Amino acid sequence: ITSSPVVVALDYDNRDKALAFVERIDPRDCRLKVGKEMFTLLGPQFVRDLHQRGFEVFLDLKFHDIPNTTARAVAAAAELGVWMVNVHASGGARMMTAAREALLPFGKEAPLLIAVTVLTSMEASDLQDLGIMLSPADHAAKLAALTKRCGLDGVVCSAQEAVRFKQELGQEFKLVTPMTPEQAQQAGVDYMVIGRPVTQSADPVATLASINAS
């Protein structure tokens, strides 16, 4: 297992460079996130290699499709054994319900099922283009609320909103964040994705130690 809430983003262009960083660290100190870049390049096999090496994996593919296809993609993630997988709440309640129901047969050995609400990249201008008058946080709030209605395990959101979300949605609703690793823990966050501060550091392990220690 691992006591850490830290998930280290592996956003590498190349297999060996990723694994050479992964050798330098220990499954006890963090989990790993595998996103669309490395998955499109290497496939589930890279996730298996991380599993061999003892790590738990957040498969961050942000599934956004019709309900049958998302349910089958999420079930494939569960068959792969990953620890967390995410879907777009923008896919709607039926799609999330279907992703949830696909995991029921896996029991307590299913990955956590997290919704992306509003991508951290989106400003209000981006939202106007798509016909969303609200602010990024009000729309994210509405999507988070829809996510909890469908019984998913939690949402991706800013640490700024952790306070507000743990309020409206409950303590057990997991908040994943893609404001210090101390300030965020106190404000509600459950797991913390951190990339370059760890992967571009000199002693990622010590950096890991330092974040963890707080």
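The first residue of the shown sequence is 1; numbering continues from there.
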None, 1 to 3, 4 to 9, or 10 or more: how many residues of the deposited sequence lack coordinates between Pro178 and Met179? 10 or more
Between 48 to 56 and 62 to 70, point out the one with the higher average CA B-factor as the PDB entry records it. 48 to 56
State which stretch shows the higher mean Cα B factor in the entry: 94 to 102 or 137 to 145. 137 to 145
In the PDB entry, which of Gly170, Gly43, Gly154, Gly35 has its C-alpha at the highest B-factor? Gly170
Quick check on the deposited entry: does the C-alpha B-factor of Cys150 sit in the lowest, middle or highest third of its chain? lowest
Could you look up the Cα B-factor of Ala9 in the entry and say which third of the chain it sits in: lowest, middle or highest? middle
Could you tell me which third, lowest, middle or highest, the C-alpha B-factor of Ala77 occupies within its chain? middle
Place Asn86 in the lowest, middle or highest third of its chain's C-alpha B-factors, as listed in the PDB entry. lowest
Give the position of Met192 by CA B-factor within its chain, expressed as the lowest, middle or highest third. middle
